[PDB]
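In the form deposited in one PDB entry, a lone chain appears below as structure tokens.
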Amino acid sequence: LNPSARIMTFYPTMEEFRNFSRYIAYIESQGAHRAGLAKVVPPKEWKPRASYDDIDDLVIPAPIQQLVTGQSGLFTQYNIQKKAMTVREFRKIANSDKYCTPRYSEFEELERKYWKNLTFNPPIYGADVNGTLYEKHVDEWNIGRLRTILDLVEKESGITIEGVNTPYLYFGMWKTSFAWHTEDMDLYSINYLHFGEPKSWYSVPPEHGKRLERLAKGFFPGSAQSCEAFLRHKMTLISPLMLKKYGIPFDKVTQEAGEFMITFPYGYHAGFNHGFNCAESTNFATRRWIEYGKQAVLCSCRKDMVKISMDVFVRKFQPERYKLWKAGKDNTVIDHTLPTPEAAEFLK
């Protein structure tokens, strides 16, 4: 299904919305994953928090200034870590005249304005903020406790990886952006926009991901030579025109507050924020992810980079292949079109 591999949008009834893992299996049964990105707007009823009128005092330990360098569709973004500041301090700076959002009509306007000025007046981003905004009593899509097989990591080793198996908060500003990248260990990803201005996304189908990396290695040969997966550095930005110019299939979508965004294994994505906003995210997994995790090409030039031991997952879900795998003979090939095993129920 979804032979065009286009970004899909889902409107779940409060009944379908209850079980996270199930609905994920459902959208995968509808081919949503073939796009790499999918949108899911919660039932008109559901709300994760009562009011965001208290966060103004919340602190951002390390906001970053985004310096972008480049021309004609290709840019490298550098990070200048700033001094701690509150959401209030941030909102004032984000709303000031200098970092304010430009006036526009159609989205295609803000888009061209973005790719035209991303190298000027470097903005601030309140990213990687350890925390959650969900109310401890919410049992639907709580980024703090999704209850997926990714919990196996902490259960078996006690290991915690901030932002991956724990929630991260991102306070946006106009022109703040996220470079092209797949999730760490090529995991799944969930992003919820609590409030504020929109956040636009660009996505490349997992079945075409390799083409995007070939293009990236060609434009950034130096970075490519220094690292087997420099794109994981999240410093590379590439405009849509540049992708079109080289036949790279991709889709666009805008995430407004109260909506969910789901990225799938090996799905390349990128985008930028329209203005001041808050977003919460974390990674998660399904049985299907295991193979992706086993084959994930990781960063080889940085100590920091995330690396999960697949051992425990292969043992529990791929016992017949464990021995062959530890011997390096598991030559399984991945079919990015196949839905996760758990979707069987919705395929009868």
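Residue numbers here begin at 1 and follow the sequence given.
Note on 132-140 vs 225-233: mean CA B-factor is higher in 132-140. Stretches compared: 175-183, 91-99. Higher mean C-alpha B-factor in the entry: 91-99. For the set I248, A270, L152, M85, the PDB entry assigns the largest Cα B-factor to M85. You'll see in the entry that, of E207, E106, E162, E213, the Cα B factor peaks at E106.
Among all modelled residues in this chain, the alpha-carbon of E291 has a temperature factor (C-alpha) in the lowest third. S29: CA B factor in the middle third of modelled residues in this chain (values from the PDB entry). In the deposited entry, the Cα temperature factor of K217 sits in the bottom third of values across the chain's modelled residues.
Ranked against the other modelled residues of its chain, the C-alpha B-factor of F264 as given in the entry falls in the lowest third.
Sort the chain's modelled residues by C-alpha temperature factor and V41 lands in the highest third, per the entry.
Form deposited with a partner chain bound: not shown, discussed below.
Looking at 183-191, 210-218, 103-111, 244-252, the stretch with residues near its partner chain in the entry with it bound, meaning non-hydrogen atoms within 4.5 angstroms, turns out to be 183-191.
When you look in the entry with it bound, the only residue of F272, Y170, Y266, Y202 with a non-hydrogen atom within 4.5 Å of its partner chain is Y170. For the candidate set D128, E256, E228, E156, a heavy atom within 4.5 Å of its partner chain in the entry with it bound is found for exactly one residue, namely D128.
For the chain shown alone, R88 is not a contact residue for its partner chain in the entry with it bound, no non-hydrogen atom being within 4.5 angstroms. In the entry with it bound, its partner chain lies farther than 4.5 Å from every heavy atom of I290.
Using a 4.5 Å cutoff between non-hydrogen atoms, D53 does not count as a contact of its partner chain in the entry with it bound. Among heavy atoms of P198, none comes within 4.5 Å of its partner chain in the entry with it bound.
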